[PDB]
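Okay, structure first, notes after.
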Amino acid sequence: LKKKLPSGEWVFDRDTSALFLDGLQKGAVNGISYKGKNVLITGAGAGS
């Protein structure tokens with residue numbers, strides 16, 4: 001993940017990307033549940 005510096009740019013945040021890469025591990029051995037979500041996706045053509 002990236003954090004917004006006061007300089008205005010987006011550089012690597014180590015604290016939130018630790019949380020994001022934990023959820024990718026928890027969602028890999030267990031799964032991710034989206035029950036209760038209404039999603040609209042466009043451009044979801046075949047082979048994409």
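For the structure tokens, the naming scheme is as follows: chains receive sequential letters (A, B, ...) according to their order of presentation, residues are indexed from 1 within each chain, and ligands are indexed from 1 in presentation order.
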
Handout entry: For residue 2 in chain A: contacts at 9 Å, only C-alpha atoms, fewer than 4 positions along chain excluded, given as a ChimeraX atom specification
Key = /A:10-14,16-17

How would the residues just chosen look if you wrote them out with C-alpha atoms as a compact mmCIF listing (two decimals), in the first residue's frame?
```txt
# COMPACT_ATOMS: atom_id res chain seq x y z
CA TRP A 10 2.51 8.48 -2.62
CA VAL A 11 5.32 6.41 -1.11
CA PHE A 12 5.45 2.95 0.44
CA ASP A 13 3.72 2.71 3.81
CA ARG A 14 5.02 -0.20 5.87
CA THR A 16 -0.82 -0.53 6.34
CA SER A 17 0.83 -2.84 3.81
```

Exercise for the section: If you run DSSP over the backbone, which residues in chain A end up strand (DSSP E)? Put them as a list in words. Expected result: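 Reading the DSSP output for chain A, strand (DSSP E) covers residues 2, 3, 4, 10, 11 and 12 of chain A.
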
Handout entry: Residue nearest residue 19 in chain A among A:45, A:1, A:40, A:33 (counting only C-alpha atoms)
Key =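 When distances to residue 19 in chain A are compared using only C-alpha atoms, the smallest one comes from A:1.
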
Practice task
Mind giving me the straight-line distance from CA of residue 22 in chain A to CA of residue 38 in chain A in Å, one decimal?
Solution key: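 Taking CA of residue 22 in chain A and CA of residue 38 in chain A, their separation equals 24.7 Å.
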
Practice task
To one decimal in Å, tell me the separation between CA of residue 20 in chain A and CA of residue 3 in chain A.
Solution key: 13.0 Å

Could you go through chain A and tell me which residues DSSP, when run on the backbone, assigns to helix (DSSP H, G or I), listing them as a compact mmCIF listing (two decimals) with N, CA and C atoms, in the first residue's frame?
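Result written to states00.txt:
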```txt
# COMPACT_ATOMS: atom_id res chain seq x y z
N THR A 16 0.43 -0.06 6.94
CA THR A 16 -0.82 -0.53 6.34
C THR A 16 -0.61 -1.67 5.36
N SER A 17 0.53 -1.71 4.67
CA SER A 17 0.83 -2.84 3.81
C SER A 17 1.15 -4.10 4.60
N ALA A 18 1.50 -3.96 5.88
CA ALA A 18 1.57 -5.13 6.74
C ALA A 18 0.19 -5.69 7.02
N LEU A 19 -0.81 -4.82 7.15
CA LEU A 19 -2.18 -5.27 7.36
C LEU A 19 -2.77 -5.85 6.08
N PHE A 20 -2.44 -5.24 4.94
CA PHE A 20 -2.96 -5.72 3.66
C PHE A 20 -2.38 -7.08 3.31
N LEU A 21 -1.11 -7.31 3.64
CA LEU A 21 -0.47 -8.58 3.35
C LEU A 21 -0.74 -9.63 4.41
N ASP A 22 -1.36 -9.26 5.53
CA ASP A 22 -1.91 -10.25 6.45
C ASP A 22 -3.26 -10.75 5.96
N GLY A 23 -4.08 -9.85 5.44
CA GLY A 23 -5.38 -10.24 4.92
C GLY A 23 -5.29 -11.09 3.68
N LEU A 24 -4.20 -10.95 2.92
CA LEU A 24 -3.99 -11.83 1.79
C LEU A 24 -3.55 -13.21 2.24
N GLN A 25 -2.93 -13.32 3.41
CA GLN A 25 -2.58 -14.64 3.91
C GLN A 25 -3.76 -15.29 4.59
N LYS A 26 -4.53 -14.51 5.35
CA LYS A 26 -5.73 -15.04 5.99
C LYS A 26 -6.78 -15.41 4.95
N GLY A 27 -6.85 -14.66 3.86
CA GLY A 27 -7.73 -15.01 2.78
C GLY A 27 -7.23 -16.09 1.86
N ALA A 28 -6.02 -16.61 2.08
CA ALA A 28 -5.48 -17.68 1.27
C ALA A 28 -5.65 -19.05 1.89
N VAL A 29 -5.47 -19.18 3.20
CA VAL A 29 -5.66 -20.47 3.86
C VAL A 29 -7.09 -20.65 4.33
```
